[PDB]
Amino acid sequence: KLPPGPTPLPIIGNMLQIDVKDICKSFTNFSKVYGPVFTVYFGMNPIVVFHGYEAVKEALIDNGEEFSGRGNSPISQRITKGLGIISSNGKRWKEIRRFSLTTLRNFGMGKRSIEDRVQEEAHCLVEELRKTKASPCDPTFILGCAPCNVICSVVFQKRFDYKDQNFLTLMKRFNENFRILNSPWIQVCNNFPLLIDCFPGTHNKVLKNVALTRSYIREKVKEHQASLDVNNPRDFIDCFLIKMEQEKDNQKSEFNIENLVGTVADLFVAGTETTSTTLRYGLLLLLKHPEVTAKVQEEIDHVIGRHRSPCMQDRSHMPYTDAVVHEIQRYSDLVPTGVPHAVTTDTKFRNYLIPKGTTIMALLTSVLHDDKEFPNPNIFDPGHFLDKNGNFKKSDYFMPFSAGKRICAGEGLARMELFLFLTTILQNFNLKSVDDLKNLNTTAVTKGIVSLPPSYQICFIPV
């Protein structure tokens, strides 16, 4: 007894009824007819959609174990092979994630904290921006280099110089693969596997980049193996290699070189383009809202000053900036459909029964835009996370990282990168628009797995 939904056509399901360019819009329209929980078919594949806070919470949190599975696809299994953290399930997922979470703690990988790595990067970032000489530029590239380098310093210990060719090509490959995987065409191909044959060049391009990135990570890990100091872990790779030694006797161990390469790649995949996009969107919203930027820079002046680089301790004394960062994530709505889940067993949800392995879609965007929790949800307003006295007001509806047992495995790092990159940038620069601010639109242009802000130019004027 699956939840009701639009009547599917024999082979293509409800595909012709949904806009592949803005699936969330189609799902939202369906919730107005069928309610908070409904079933749609993409080809022969059923997908139960959860719309609204009550439905999303009950699924991801109150029935967390049952809803902790990762909804997989033919393309995912072909790229990852079920290795790593993003696309794995069962025992492998639990072990790799548990380890990943503990080593991604601020001091979970040695004497050097993750925060110190992000601060060094925030510093290198402001220096690259100074080289633009306050002239108009598309910040896309420079803003993408920082989060990528953060992951690099987290897994390879040392960051790369921005001019390093190995860094440049490594970044271009992840960029190429991101663009292909962000296309509405992958939705069609995942549900109609035969159509993948209609894209030989793209298929080969993706496979090639994954192969090259794989061998690169493997060359890096071999370097770590021949210089490992068990008492002094330098990064993520050292920690994994140390765990592998402790599990050397057990042959049914998930901690092997195969899962290590996949996990490192996954951190890059899940942590580079997502943070980069939020950083771009953030600067766009700050550019468009001068009044908001001013109050943030004022709070920075008061709590941090002009002679010291910001740090995470400062966030506790900067409620407005915290509210701004939260509002940037709520408004930007990066992953509107969330990442697909799958129930681990036959699950009972209210008066419905969802069979094992069925794909789950918890609409994060429907929570982020709840019109009661956030009056006027389509307006960017830091007040949505501020109380009557200007203090930070937390929200149960703040789910940009999803919720439950599968919530973003790098949420702390993500929030840290956002707070630090934005405060360090605004401490050293003012944001100038080329044209009039009225002409600047902030509505997301594309919505296919990852919502992207419109293209824009900006001038970084040193304070």
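Only the largest set of C-alpha atoms that superpose within 1.5 Å between the two forms is called the rigid core. One rule holds for the numbers: they count along the sequence shown, beginning at 1.
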property	result
In 4 other deposited structures of this protein, rigid core aligned: more displaced of 237 to 245 and 70 to 78 by C-alpha RMS	70 to 78
More shifted region, core-based fit in 4 other deposited structures of this protein, 246 to 254 vs 146 to 154 by CA	246 to 254
Higher-scoring stretch by recorded Cα B factor average, 256 to 264 or 318 to 326	256 to 264
Between 159 to 167 and 177 to 185 (mean CA B-factor, as deposited), the higher	159 to 167
Top Cα B factor in the deposited entry, candidates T359, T345, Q119, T278	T345
Of the residues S87, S332, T213, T274, the one carrying the largest Cα B-factor as recorded	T213
Assigned third (lowest, middle, highest) for the C-alpha B factor of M44	middle
Within-chain third of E58 by Cα B-factor, per the entry	middle
Ranked C-alpha temperature factor of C152 among modelled chain residues, by third	middle
Chain-wide C-alpha B factor ranking for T293, given as lowest, middle or highest third	lowest
Cα B factor band for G71 (lowest, middle or highest third within the chain)	middle
